[PDB]
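Trainee: Before I ask anything, here is the structure I am working with.
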Amino acid sequence: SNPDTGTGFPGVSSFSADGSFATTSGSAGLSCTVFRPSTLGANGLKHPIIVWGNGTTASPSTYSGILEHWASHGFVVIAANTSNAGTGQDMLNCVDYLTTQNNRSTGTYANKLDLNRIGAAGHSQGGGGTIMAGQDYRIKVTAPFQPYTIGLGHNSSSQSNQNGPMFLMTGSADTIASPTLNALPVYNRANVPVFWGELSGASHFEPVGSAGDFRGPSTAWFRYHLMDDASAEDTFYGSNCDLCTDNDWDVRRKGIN
């Protein structure tokens, strides 16, 4: 038996493998898709939320592996349907949707959600959208996967106006959202703690589907910040953090030791 998280959720033996929760997916109104535990609210718990923004041209289903993976850990994961998530607006609309649905008398989400534990994540233009959305006071932490910030609705003003800590992921072989042009400015302008991991040899497609080597670390990040999972702290924090000592990763950290 792994120790429970600080917010009362089950502990896990692997961040890269499925959690304990059976999952389902479906519409969350006309503008969003949800991946979530089939049963919400066991043990009187309220579920944290991850909001997702798709890459350019993509749909929620492009990332169904990663999104259902987080759902299996206990997260209610809501994806904006749009293939152009760059302004962050569609993603923040997801928070509005879940807020409404949580505050209803009855419904799937009625008094089942922890609105104080919302994070955001996305790929490419959706990673840019994550940074745009990450300015909002309701977004506690972000995880942009290979963000595209040099066009497609991005406003670089957002980068110095983040609400909470960022786990910036890039691939060193990403030629679509080149990290020098797209991620280095984000890191430099950030007003919050930033953990930047650049996965060695990773292309722009690594985040697709089950998100490959980004899956485990992104799960650790949200479990740490949204679930107070102590066991995840050592992935990011301390001099010899797991990412820091793993040669697959090139790490830069700002406001984190």
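By convention here, the chains of the structure tokens are called A, B, ... in the order presented, each chain's residues are numbered starting at 1, and ligands are numbered starting at 1 in the order presented.
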Would you return as a ChimeraX atom specification the members of segment 91-240 of chain A that DSSP assigns to alpha helix (DSSP H) on this structure's backbone?

Mentor: /A:91-102,125-133,179-182,184-189,215-227

Trainee: At a cut-off of 10 Å, using only C-alpha atoms, what residues contact residue 203 of chain A? Leave out same-chain residues fewer than 4 positions from it and give the result as a list in words.

Mentor: residues 146, 170, 171, 172, 173, 174, 175, 176, 177, 178, 199 and 207 of chain A

Trainee: Would you output that residue set with N, CA and C atoms, as a PDB file, in the first residue's frame?

Mentor:
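So out.pdb came out as:
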```
ATOM      1  N   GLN A 146       5.752  21.172 -25.396  1.00  0.00           N
ATOM      2  CA  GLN A 146       6.298  21.717 -26.643  1.00  0.00           C
ATOM      3  C   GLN A 146       5.427  22.865 -27.141  1.00  0.00           C
ATOM      4  N   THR A 170       9.980  20.311 -23.559  1.00  0.00           N
ATOM      5  CA  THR A 170      10.334  20.422 -24.960  1.00  0.00           C
ATOM      6  C   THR A 170      11.052  19.144 -25.389  1.00  0.00           C
ATOM      7  N   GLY A 171      11.158  18.971 -26.701  1.00  0.00           N
ATOM      8  CA  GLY A 171      11.971  17.939 -27.307  1.00  0.00           C
ATOM      9  C   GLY A 171      13.160  18.565 -28.046  1.00  0.00           C
ATOM     10  N   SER A 172      14.371  17.983 -27.918  1.00  0.00           N
ATOM     11  CA  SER A 172      15.531  18.614 -28.542  1.00  0.00           C
ATOM     12  C   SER A 172      15.498  18.465 -30.064  1.00  0.00           C
ATOM     13  N   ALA A 173      14.704  17.523 -30.581  1.00  0.00           N
ATOM     14  CA  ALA A 173      14.613  17.332 -32.019  1.00  0.00           C
ATOM     15  C   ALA A 173      13.285  17.865 -32.538  1.00  0.00           C
ATOM     16  N   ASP A 174      12.640  18.766 -31.781  1.00  0.00           N
ATOM     17  CA  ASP A 174      11.368  19.309 -32.229  1.00  0.00           C
ATOM     18  C   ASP A 174      11.648  20.425 -33.232  1.00  0.00           C
ATOM     19  N   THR A 175      11.253  20.176 -34.478  1.00  0.00           N
ATOM     20  CA  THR A 175      11.509  21.101 -35.571  1.00  0.00           C
ATOM     21  C   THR A 175      10.256  21.920 -35.887  1.00  0.00           C
ATOM     22  N   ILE A 176       9.113  21.608 -35.282  1.00  0.00           N
ATOM     23  CA  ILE A 176       7.870  22.334 -35.554  1.00  0.00           C
ATOM     24  C   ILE A 176       7.704  23.497 -34.571  1.00  0.00           C
ATOM     25  N   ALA A 177       7.844  23.187 -33.279  1.00  0.00           N
ATOM     26  CA  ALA A 177       7.906  24.201 -32.244  1.00  0.00           C
ATOM     27  C   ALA A 177       9.313  24.236 -31.677  1.00  0.00           C
ATOM     28  N   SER A 178      10.224  24.803 -32.464  1.00  0.00           N
ATOM     29  CA  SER A 178      11.627  24.856 -32.125  1.00  0.00           C
ATOM     30  C   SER A 178      11.789  25.463 -30.739  1.00  0.00           C
ATOM     31  N   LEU A 199      13.542  16.879 -23.341  1.00  0.00           N
ATOM     32  CA  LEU A 199      13.753  15.470 -23.604  1.00  0.00           C
ATOM     33  C   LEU A 199      14.641  15.298 -24.834  1.00  0.00           C
ATOM     34  N   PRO A 207       4.434  13.962 -27.681  1.00  0.00           N
ATOM     35  CA  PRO A 207       3.251  14.165 -26.836  1.00  0.00           C
ATOM     36  C   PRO A 207       1.979  13.518 -27.362  1.00  0.00           C
TER      37      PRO A 207
END
```

Trainee: For a quick check of understanding, using only C-alpha atoms, which of A:218, A:78, A:72, A:164 has the smallest distance to residue 11 of chain A?

Mentor: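 Comparing A:218, A:78, A:72, A:164 against residue 11 of chain A, the winner is A:72.
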
Trainee: Quick one: residues within 6 Å of residue 189 of chain A, only C-alpha atoms counted, chain neighbours fewer than 3 positions away excluded, as a VMD selection string?

Mentor: chain A and resid 159 to 160 186

Trainee: Might you pull out every residue within 8 Å of residue 32 of chain A, with only C-alpha atoms counted and same-chain residues fewer than 4 positions away left off, and present them as a PyMOL selection string?

Mentor: chain A and resi 27-28+78-81+94

Trainee: To one decimal in Å, tell me the separation between atom CA of residue 191 of chain A and atom CA of residue 83 of chain A.

Mentor: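 Distance reported for this atom pair: 28.2 Å.
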
Trainee: Could you give me, as a list in words, the residues within 12 Å of residue 239 of chain A, counting only C-alpha atoms and dropping anything in the same chain fewer than 4 positions from it?

Mentor: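 Near residue 239 of chain A, the qualifying residues are residues 233, 234, 235, 243, 244, 245, 251, 252, 253, 256 and 257 of chain A.
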
Trainee: Report as a PyMOL selection string all protein, DNA and RNA residues lying within 6 Å of segment 117-119 of chain A, evaluated on only C-alpha atoms, omitting residues in the same chain fewer than 6 positions from it.

Mentor: chain A and resi 48-50+139-142+226

Trainee: Find, counting only C-alpha atoms, the residue in A:219, A:87, A:200, A:210 that gets nearest to residue 151 of chain A.

Mentor: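 Counting only C-alpha atoms, the residue closest to residue 151 of chain A is A:87.
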
Trainee: Using DSSP on the backbone, list every residue of segment 75-218 of chain A that comes out as strand (DSSP E), and give them as a ChimeraX atom specification.

Mentor: /A:76-80,113-124,139-147,166-171,194-199

Trainee: Counting only C-alpha atoms, which of A:136, A:213, A:128, A:76 gets nearest to residue 183 of chain A?

Mentor: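 Using only C-alpha atoms, the shortest distance to residue 183 of chain A belongs to A:128.
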
Trainee: Rounded to one decimal place, report the atom CA of residue 97 of chain A-atom CA of residue 29 of chain A distance in Å.

Mentor: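 Interatomic distance here is 7.9 Å.
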
Trainee: Hey, can you check how far atom CA of residue 57 of chain A sits from atom CA of residue 180 of chain A?

Mentor: 22.7 Å
